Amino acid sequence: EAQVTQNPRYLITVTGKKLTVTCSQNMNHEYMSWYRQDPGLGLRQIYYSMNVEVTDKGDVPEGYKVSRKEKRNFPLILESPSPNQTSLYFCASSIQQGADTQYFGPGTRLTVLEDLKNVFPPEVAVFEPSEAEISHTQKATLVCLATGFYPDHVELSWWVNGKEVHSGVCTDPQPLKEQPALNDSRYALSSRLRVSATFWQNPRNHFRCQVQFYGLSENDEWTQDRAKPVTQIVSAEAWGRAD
């Protein structure tokens, strides 16, 4: 038991500008592999490496190269990213090429755009529980909405009195498009947190819907009027109410 890490986990790039994604594992495994996953196609292998200084094309290598100078690392290199390389990439490692467990990294979501003009961070709002729900059910549901973001590179979480909560939460599995009539529609995503009425009723309890957005980096050039859409957290909050 250890693990496979990939860096970065999220990345936006313009078409044609070279990037590399690292994959690293500390288990001294000889075999490492890169796949992409796309709707309808499942995992497709891009390239694999049976050991140090051994690499081999997989089923969909075009547009990718790799290297294997050491056992620990197996980077994926895209010399000239194209839009159809927009995808979710998984690195995996195993003691040997098959007939053995493969351990997968957490995934790297890469979006390759014609330019970066349509990148925007979310705005976040918390909607407080209905007094009608409280009286009908003795429970209280808060709703969080993250709106206006693009691309769909977000992680939403809830924090109650400064600690993350998972019980009584459910977040949409995918966002929806806010302006699906326009190109590169910004997206929206909703989540619910439900607590007991007693808990919502206490004005000392503090509830925060936190959205981590992964956007442009320090180095990315930005020339639009508005603030650069860098990686950032955007939150909204509510306090309990006796009401």
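In this text, residue numbers run from 1 along the sequence as written.
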Open item on the list: Mean Cα B factor from the PDB record: higher for 188 to 196, or higher for 39 to 47?
Closed with: 39 to 47
TODO: Output the stretch having the higher mean C-alpha B factor in the entry; the candidates are 91 to 99 and 143 to 151.
DONE: 91 to 99
TODO: Grab the CA temperature factor for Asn118 from the record and place it in the lowest, middle or highest third of its chain.
DONE: highest
Task: Position of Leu11 among the chain's modelled residues by C-alpha B-factor, lowest, middle or highest third - done: lowest
TODO: Pull the Cα B-factor of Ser33 out of the PDB entry and bin it into the chain's lowest, middle or highest third.
DONE: lowest
Task: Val54 by Cα B-factor - lowest, middle or highest third of the modelled chain - done: middle
Open item on the list: Going by the CA temperature factor in the PDB record, which third of the chain does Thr223 belong to: lowest, middle or highest?
Closed with: highest
